[PDB]
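K.L.:
The structure that follows is given in the form of C-alpha cells.
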Amino acid sequence: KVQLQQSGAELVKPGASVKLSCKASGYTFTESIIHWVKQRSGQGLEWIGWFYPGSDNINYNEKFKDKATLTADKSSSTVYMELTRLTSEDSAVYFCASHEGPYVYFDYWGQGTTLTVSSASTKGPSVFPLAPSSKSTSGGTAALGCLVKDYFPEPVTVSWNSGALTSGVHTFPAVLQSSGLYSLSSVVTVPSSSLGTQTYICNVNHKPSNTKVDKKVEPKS
Amino acid sequence: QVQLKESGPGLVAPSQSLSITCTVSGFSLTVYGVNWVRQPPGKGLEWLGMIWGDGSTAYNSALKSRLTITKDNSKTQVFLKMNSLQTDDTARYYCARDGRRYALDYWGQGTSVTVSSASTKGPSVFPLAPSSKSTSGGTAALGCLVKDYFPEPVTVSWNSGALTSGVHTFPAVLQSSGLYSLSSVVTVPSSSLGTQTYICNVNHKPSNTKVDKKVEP
Amino acid sequence: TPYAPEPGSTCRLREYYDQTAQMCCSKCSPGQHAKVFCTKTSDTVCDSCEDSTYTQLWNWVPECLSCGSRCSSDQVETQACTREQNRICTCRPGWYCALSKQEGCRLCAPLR
Amino acid sequence: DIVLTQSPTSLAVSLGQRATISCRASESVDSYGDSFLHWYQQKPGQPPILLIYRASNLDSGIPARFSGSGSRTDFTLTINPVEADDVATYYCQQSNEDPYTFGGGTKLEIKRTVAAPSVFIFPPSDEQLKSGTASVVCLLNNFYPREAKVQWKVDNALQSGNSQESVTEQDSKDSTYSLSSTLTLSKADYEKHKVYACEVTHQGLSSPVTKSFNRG
Amino acid sequence: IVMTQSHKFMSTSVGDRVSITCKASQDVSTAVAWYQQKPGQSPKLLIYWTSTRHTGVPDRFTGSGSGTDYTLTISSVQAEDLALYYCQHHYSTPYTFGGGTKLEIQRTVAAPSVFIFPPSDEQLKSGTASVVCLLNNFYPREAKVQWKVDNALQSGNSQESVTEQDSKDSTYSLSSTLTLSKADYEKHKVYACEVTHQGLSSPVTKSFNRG
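Right, here's the structure in full:
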C-alpha cells in the first residue's frame, strides 16, 4: 500500500548538484523513515544513512559521508537528497526505500531514478519507423519496430501502443554508436493477419530532453 | 456491535407527511437516548428533538410544534414523524445516540430528504471511454457519466467495489432543465490497459434501478 | 449514591454529573465500564471490560479501548495488556533500540 | 436559547502546522465545574464523529493531537499537528439548557505546494449521439489550488454560457482537487460544427495546454 | 563489515535446485534478507530472518542455514527465476550487500528467425540509412551475423545488441544496425544479412533489393 515516488530522469555535468526527491504516499510522514541506496551499472547495491523526520534522526554511511545531504520539509511529505561533487562515477540508478518493522528490511522499494553524469548535452531521439515483413508473410509473424536513434541520455522509454500491447515486445539495450549517442531497435512480432487491420503506434518518452514522440508505423507498398 | 441504520423517503411533496426510522443495535434503548440532527446541503448542523429512555422528549425552539418523536422500545426503533414540510426543509437527517452524557458518539448515515414536486426520473449512463488523448505518461483515465436523474442521491461504484484507489465522484450540478448530472475520473495504471476489465455501476434508490456499464479503451 | 447537587457547589472528585437524572453520581474503578448508566435512584452499575480492553482512568464510557494485536516475531512484550494498561511492544531480546516511537520504536540494533 | 458564533468560518493550514478555532458563546455555558461543550467533526460525506466531549475531556479512541480548553465564554480546540486527512468541518455544541444549539462551524483546508493540472478530453458516447445530445468532458486532475480557468473553443469560437463545472473536495490522503467541465449541445447544433479543444489557465503549467480530439 | 556471496553465475534448468550462498564477515547470527532484482525494475523482498518467508512470495523460495553461512534455494525453478539475488544483514550502521548471483536457465536448441527490412524514406532523407537485421528466439547465444552487400563483405559497419534470458521461455533476441553514409547506400543494389547458428542445419541468408 505504501508507495515511494521519485522524479523521472535528470542529467548533470561534473561539478553539479541535482536534488533527488522521494515522496511517500499511504501513511503519515511524522512516522516514515527513509533510506537511500545506489545501484551502479552491473555491480551490487550499496547503502546510505536514514532520515527519520519525526525525531529528525539523521544517520550516514561511512563511505557516503561527504556526497549526500538529506533534508525534508514537513509540508509535502518529501525527502530531498542533494548530491555534491558529481564525478563520472555517480551515473547510476538511485533508489529510496523504507521498512515497516523495527529491524530494517526493505519492503517498500521506490522507483529508481537514472541519474547520469557527463559533460555533453542532451539530444532528442529520432524515432524512424521500421517496415514490417509484408514480403515475408510465409512466417506469419512479421515484426515491426521503431529505430530510436541518436539520443544521448541513457534513460529512454519505448512504450508500444501506449502500453496496450506488451506481448513479445523486445527492447534491445542501447548501443554506443561512433557519434557517441545511444540507439535501440525496439521491435514487436505482431500476427500477420492483424498487421493490416490494426494500428501499431509506438511512443518514445525521452524524459531528460522533455521530448515525447508519437510516431506512427504502417506497411507501405 | 453498535450500529444505527437510518431510512427515510427520498422525495416528499411540500406540505406532506414525513417519516424517518432509525434502527439501533448494540445498546439498550431503556437507558440510552436517541436524538436526530439535520443538515442542509453545505450548511452547518441544526439540532432536532431527543427522546430519553423513560419517554420524556425535548424538542427544538423553532420546530416545537412540528416534530412528533416517538419510540418503539420493544422493536428497538426510533421513528420520527414530521408535518407541514416547507420547501426549505431539504437536508440530511442523521440518527444518533447520546451514549456519553449527551456527548453524541455514534451516528447513522443520513437519507438526504428532498422536497420537490418533480416526478422521479431514472439516470442515463454513458461509458465515457478513454482514447489516445487520455493516455498521458503512465496513467490513463476512464469515465462513467451519469445524466438526467432526479432526486439528488445516487450511488456509484467501480468494479463492484473492488476498485477504490484513484476514484472520484464529482458533486451533482443542477441542470437548467431541472435535473442532475455527474461523471467519474477513475485513473488506472497504463501498464495494464488491455487487461483488468473495468465495470462501473450506478443505482438510484428513488427510481429503483441498478444500471451497469463496462469501459473498454 | 445519587448525591443531590446544589447550584453554587460542584460535585466531589470521583463523582460526575449525569445529564439524564440531573443528579450527581459516582465514578467507578478503572478497568470496568458502566453497563447501566446512573438513574434517579440506581447508582452506576459498571462491569469489567473484556479481554485486551483497558481503561486507565476513572470512566463512565460504555466501551473500553483496545491494545495491539501482537508483537509479531522477535518482539517480547514489556508490559502485558491488563485492565489498566496497554500492550507495549519493544525490541528483540539481546538487542537494544536506538530510535523511538509512541510505544514501540522503528529501528533496533545489536547489543554491541 | 443559546447562540454560538464560530471564529473563523473557513481556514487553510498546511500539513504539520498549528490550527486554532474558537466557538464563542453569548451566555456562560459553564453549569457545574468545567464548561459543557462539544467539538464534533464531520468529514466530507461521512457522519460526524466526536472529539473533545466536555470542555477538554477527550473521547476514547481519538488521536492525542486534539485538545480542549476554555470556560464560560472563550473556547479553543487545538490541532497542533495537522495531517492530510484532518480535513472536515469542526462544530460546537453546548449541553446545558434545552434546546442544544449547534453553530456554523469551520472548514479546515490544506495549502500544499502548487501542483500541475492535466487536461483530459473525453468525447461524447455514441449512445448519447443516438439519443440526440452531445456532451464533451474537459476534466482536469490533481490540480491545486481551486483557481483554474477552463474555456472551450469550438473551431476557435469560444463558447460562453453553455457549459457547467463541478469541483470535488480535497482528497483525504494527499489534499487533491479535481474539476470536470462539461460542454452540452443539441444534435442539430452538433452537426453544424467541427473539431473541439480546451484550455487551462491555472497557475501551474506555464502556458494554456490544449488537448484536442478530431470530430468523427 | 562486508557481506559477500561465493559464485556469480548459477546455471540451472527447470526442475533442478539452486543453492545461492551468502557468507558474512562476522558472526551475523540470524540476520539476512534476500532480494530478487529482475533487471529494469526495483528490488523485491524474498526472505528475512534467514528463514521467514515474506508475504506473497512463493513457498519454493525457502531460506535455510544459520550462523555465518546462508543459502536460498528453489526446488521447482520456473522460467521467471531470472534475476540478481542479493543478501543483506541488519547489524552495523553501514549496511552492506554483495554481488549479484544471477541465475540462468538452460534448455534445448532453438531455431533463430531472421527478419530483414529496408529503412524508411524520411530516414534516407535525413542522411544516414539503417538496414537492421534481427534474430528472434535463438539459443545457444553463440550465433554469428554477417553482412553481404552485392555479395561483398563488410567489417566495422554494424553493431550488435542482444537481450538477456527471456523471462517467459529463456530464449534470446539479437539485432544488427548496419548504417551507411548518404552516398554509400545508393552505390549498391542488393543487401543481405546471413546467420550462422548451432541450431541451424545450414546458414540462412535473408536478402532484399531496392524494390
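Sequences listed follow chains A, B, C, D and E, in order.
At position 158 of the first sequence the residue is numbered 373 (the working numbering), and the sequence of numbers has no breaks.
At position 146 of the second sequence the residue is numbered 214 (the working numbering), and the sequence of numbers has no breaks.
At position 94 of the third sequence the residue is numbered 308 (the working numbering), and the sequence of numbers has no breaks.
At position 135 of the fourth sequence the residue is numbered 201 (the working numbering), and the sequence of numbers has no breaks.
At position 195 of the fifth sequence the residue is numbered 199 (the working numbering), and the sequence of numbers has no breaks.
Heads up, the beta-carbon is just placed ideally off N, CA and C, and yes, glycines get one too.
#1: My parser needs the beta strand (DSSP E) runs of 3 or more residues fully inside the region 69-135 of chain E; what are they?
#2: Using 10 angstroms around the beta-carbon of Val261/D, count the other beta-carbons present and answer buried if the total reaches 16, otherwise exposed.
#3: Could I get the ranges of all uninterrupted beta strand (DSSP E) runs contained in the region 194-263 of chain D, with 3 residues as the minimum, in chain order?
#4: Judging by CA-CA distance, which residue of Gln220/A, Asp322/A, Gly355/A is the nearest neighbour of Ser236/A?
#5: Using Cβ-Cβ distances below 9 Å, what residues of the region 141-159 of chain D are close to chain A?
#6: Whether or not the region 73-80 of chain B and the region 160-179 of chain B are in contact is what I'm after, with contact meaning three or more pairs of Cβ atoms, one per stretch, closer than 8 Å; do they touch?
#7: Between which two residues does the beta strand (DSSP E) carrying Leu72/B extend?
#8: Considering only residues of the region 362-408 of chain A, which uninterrupted beta strand (DSSP E) runs meet the minimum length of 3 residues and lie entirely inside it, listed in chain order?
#9: If I'm right that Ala182/D touches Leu251/D with Cβ under 8 Å, what's the distance once you round it to whole angstroms?
#10: Around the Cβ of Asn141/B, are there at least 16 other Cβ atoms within 10 angstroms (buried) or fewer (exposed)?
#11: Taking buried to mean at least 16 other C-beta atoms within 10 Å of its own C-beta, is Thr223/B buried or exposed?
#12: Any idea if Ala223/D is buried or exposed, counting beta-carbon neighbours within 10 angstroms, 16 or more meaning buried?
#13: Thinking just about the alpha-carbon of each residue, which of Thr234/D, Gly198/D, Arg281/D, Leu271/D is nearest to the one in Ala254/D?
#14: Applying a beta-carbon distance threshold of less than 8 Å, which residues of chain C neighbour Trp120/B?
#15: When you compare the CB positions of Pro47/E and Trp324/A, do they come within less than 9 Å of one another, or not?
#16: At 4 residues or longer, and completely inside the region 8-58 of chain E: list those alpha helix (DSSP H) runs for me, N to C.
#17: Do we get a CB-CB distance below 9 Å when we pair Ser126/D with the residues of chain C?
#18: Please list, in chain order, the residues of the region 275-292 of chain C that have any C-beta partner in chain B closer than 9 Å.
#19: Name the chain E residues that come within less than 8 Å of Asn276/A, Cβ to Cβ?
#20: So, are the CB atoms of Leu321/C and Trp262/A less than 9 Å apart?
#21: Where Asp100/D and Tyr170/B are concerned, what is the direct C-alpha to C-alpha distance, given to the nearest angstrom?
#22: Going straight from the alpha carbon of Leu380/A to that of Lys172/E, what length do you get?
#23: What does the Cβ neighbour count give for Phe321/A, buried or exposed, with the cut at 16 atoms within 10 Å?
#24: Using only the alpha-carbon positions, how far apart do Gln194/D and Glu284/B sit?
#25: Would you call the CB atoms of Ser290/A and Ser238/D closer than 9 Å?
#26: Alpha carbon to alpha carbon, how far is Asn128/B from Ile88/B? Give it in angstroms, no decimals.
#27: So, does the CB of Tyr98/D fall closer than 9 Å to a CB anywhere in chain C?
#28: For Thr426/A, which three-state DSSP category applies?
#29: Would you say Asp240/D lies against chain B (beta-carbon separation less than 9 Å)?
#30: Going by alpha carbons, who is nearest to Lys427/A out of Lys435/A, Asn418/A, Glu433/A?
#31: Step through the CB atoms of chain B and report whether any lies within less than 9 Å of the CB of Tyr231/C.
#32: Any C-beta of chain C sitting closer than 9 Å to the C-beta of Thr56/E?
#33: With DSSP run on the structure shown, which of helix, strand or coil describes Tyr309/A?
#34: What's the C-alpha gap between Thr276/D and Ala214/D?
#35: Determine the DSSP secondary structure at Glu149/D, reduced to helix, strand or coil.
#36: Check whether the Cβ of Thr258/C lies closer than 9 Å to any Cβ atom in chain B.
P.N.:
Answer, in terms of the structure:
#1: Listed in chain order, the complete beta strand (DSSP E) runs (minimum 3 residues) inside the region 69-135 of chain E are 73-75, 88-92, 117-120.
#2: The residue given as residue 261/D occupies position 195 in the fourth sequence. Its Cβ having fewer than 16 others within 10 Å, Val261/D is exposed.
#3: Those beta strand (DSSP E) runs which fall completely within the region 194-263 of chain D and span 3+ residues are 199-205, 216-220, 246-252.
#4: Taking the first sequence and counting its residues from 1, one reaches residue 236/A at position 21. The residue with the shortest Cα to Cα distance from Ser236/A is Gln220/A.
#5: Answer in chain order: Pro147, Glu149, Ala150.
#6: Segments in contact, yes.
#7: For the purposes of this step, residue 72/B is taken as the residue at position 4 of the second sequence. Residues 71-75.
#8: For the region 362-408 of chain A, the full-length beta strand (DSSP E) segments reaching 3 residues or more read 373-375, 401-404 along the chain.
#9: Taking the first residue of the fourth sequence as 1, we reach residue 182/D at position 116. Taking the first residue of the fourth sequence as 1, we reach residue 251/D at position 185. Contact flag wrong, Cβ pair sits at about 30 Å.
#10: Stepping through the second sequence from its first residue, residue 141/B is reached at position 73. Answer is exposed; the Cβ neighbour count stays below 16.
#11: In the second sequence, counting from the first residue as 1, residue 223/B sits at position 155. Under a 10 Å Cβ-count criterion, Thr223/B is classified as exposed, with fewer than 16 other Cβ atoms of the shown protein chains found around its own Cβ.
#12: Walking along the fourth sequence from the start, residue 223/D turns up at place 157. Under this definition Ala223/D is an exposed residue.
#13: Taking the first residue of the fourth sequence as position 1, residue 254/D is located at position 188. The option with the nearest alpha carbon to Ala254/D is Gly198/D.
#14: Along the second sequence, one-based indexing puts residue 120/B at 52. Here the neighbours are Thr234.
#15: As a first step, residue 47/E is located in the fifth sequence; it is residue number 43 there, counting from the start. As a first step, residue 324/A is located in the first sequence; it is residue number 109 there, counting from the start. Contact flag set, yes.
#16: none
#17: Position 60 of the fourth sequence holds residue 126/D. The beta carbon of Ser126/D falls within 9 Å of a beta carbon belonging to chain C, placing the residue at that interface.
#18: Result list: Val275, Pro276, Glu277.
#19: As a working mapping, residue 276/A is identified with position 61 in the first sequence. Under the 8 Å cutoff, chain E gives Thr97, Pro98, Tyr99.
#20: Stepping through the third sequence from its first residue, residue 321/C is reached at position 107. Stepping through the first sequence from its first residue, residue 262/A is reached at position 47. Not a contact, by the Cβ cut-off of 9 Å.
#21: Here residue 100/D refers to the residue found at position 34 when the fourth sequence is read from its first residue. Here residue 170/B refers to the residue found at position 102 when the second sequence is read from its first residue. Approximately 16 Å, taken between the alpha carbons.
#22: The count along the first sequence starts at 1 and reaches residue 380/A at position 165. The count along the fifth sequence starts at 1 and reaches residue 172/E at position 168. In a straight line, the C-alpha of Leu380/A is about 16 Å away from that of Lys172/E.
#23: Sequence index remark: in the first sequence, residue 321/A carries index 106 (1-based). Taking all protein chains shown into account, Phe321/A has 16 or more neighbouring C-beta atoms within 10 Å of its C-beta and is therefore buried.
#24: Reading the fourth sequence from its first residue, position 128 is the one you call residue 194/D. Reading the second sequence from its first residue, position 216 is the one you call residue 284/B. Answer to the nearest angstrom: the Cα atoms are 17 Å apart.
#25: The residue labelled residue 290/A in the question sits at position 75 within the first sequence. The residue labelled residue 238/D in the question sits at position 172 within the fourth sequence. Result no, Cβ atoms of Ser290/A and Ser238/D do not sit closer than 9 Å.
#26: On the second sequence, position 20 is the one that residue 88/B refers to. On the second sequence, position 60 is the one that residue 128/B refers to. Those two C-alpha atoms are separated by around 17 Å.
#27: For this step, residue 98/D is matched to residue 32 along the fourth sequence. With 9 Å as the cut-off, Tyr98/D counts as an interface residue toward chain C.
#28: Working through the first sequence from its first residue, we reach residue 426/A at position 211. Looking at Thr426/A - three-state DSSP - the assignment turns out to be strand.
#29: By 1-based counting over the fourth sequence, the position of residue 240/D is 174. It does not: the Cβ of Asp240/D has no partner Cβ on chain B nearer than 9 Å.
#30: Walking along the first sequence from the start, residue 427/A turns up at place 212. Of the candidates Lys435/A, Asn418/A, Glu433/A, the one whose C-alpha sits nearest the C-alpha of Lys427/A is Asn418/A.
#31: Against the third sequence, residue 231/C aligns to sequence position 17. Yes, because at least one Cβ of chain B sits closer than 9 Å to the Cβ of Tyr231/C.
#32: Translated into positions along the fifth sequence, residue 56/E becomes position 52. With 9 Å as the cut-off, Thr56/E counts as an interface residue toward chain C.
#33: As a first step, residue 309/A is located in the first sequence; it is residue number 94 there, counting from the start. Here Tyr309/A sits in strand by DSSP.
#34: As a position in the fourth sequence, residue 276/D is number 210, starting the count at 1. As a position in the fourth sequence, residue 214/D is number 148, starting the count at 1. Taking the straight line joining both Cα atoms gives about 14 Å.
#35: Mapped onto the fourth sequence, residue 149/D falls at position 83. Looking at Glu149/D - three-state DSSP - the assignment turns out to be coil, as it is neither helix nor strand.
#36: Along the third sequence, read from residue 1 onward, the residue named residue 258/C stands at position 44. Cβ-Cβ to chain B under 9 Å: no for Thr258/C.
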